[PDB]
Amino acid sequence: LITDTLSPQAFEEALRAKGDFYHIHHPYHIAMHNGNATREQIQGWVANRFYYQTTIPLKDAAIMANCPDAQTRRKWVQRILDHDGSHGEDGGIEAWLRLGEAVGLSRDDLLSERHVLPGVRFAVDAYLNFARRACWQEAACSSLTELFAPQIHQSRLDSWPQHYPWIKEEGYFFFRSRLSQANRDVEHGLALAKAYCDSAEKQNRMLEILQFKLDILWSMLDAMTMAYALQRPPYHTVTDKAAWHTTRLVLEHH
């Protein structure tokens, strides 16, 4: 715990130290990196991570709605454009659908969101609800797990082709695009964090907010582990079919 307020430069390094808990250290990721994941595990990861990807623009729009500073909104909106496309070009959500196709899943497999597990849904929804309710500065700075993302994207680019040569080349476009996007994103996030977190109280709170974000990522992979590695998906004692709910209940009627 911080007792005497860190300088902006020392505070940046305390945020970066949270990378010790990044999801690159989760066994599910480690198995994929080492070549020990199954195709079913890879497909399940791609289908479930699509729910996070399609939530990113929702959460960034939520931050914008709570942010009365036009300067900050002019920069932040680029995140929405990167994922949704500008306009019919493509964008990150389309690139994720192409990763789906590269691992053998149809566009409808991903777009239906029928394979998204409830533990993934509750973790990703927690991110959106924080973004809706927290002050904009706190919600914007919870993006800063992006500090650690280029390293994980590059790890996949380096390892997957050797172990999983059946994954089509087009599939890798998203990970390569993020090497530059995540870097520009954090150039903004860090400036915000270092300006805003100017007391020991705000610095400790922000570190706890970043821990919450890391917990979301870890918990998504825990749900995937139960379902696809341990043959304990929801209701496995009662049925062999998927029985969980499949609807963003507060955003869509059915």
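The numbering used is simple: start at 1 and walk along the sequence shown.
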165-173 or 134-142, whichever carries the higher mean Cα B-factor: 165-173
Comparing 232-240 with 21-29, the one whose average Cα B-factor in the PDB entry is higher: 232-240
Deposited CA B-factor, highest of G92, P150, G119, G104: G104
Residue of maximum C-alpha B factor among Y52, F212, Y196, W218, per deposited coordinates: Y196
Third of the chain's Cα B-factor distribution that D60 belongs to, per the entry: lowest
B-factor third for the C-alpha atom of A182 within its chain: middle
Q203 - Cα temperature factor, lowest/middle/highest third of chain: middle
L190 by Cα B-factor - lowest, middle or highest third of the modelled chain: middle
Ranked C-alpha temperature factor of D82 among modelled chain residues, by third: middle
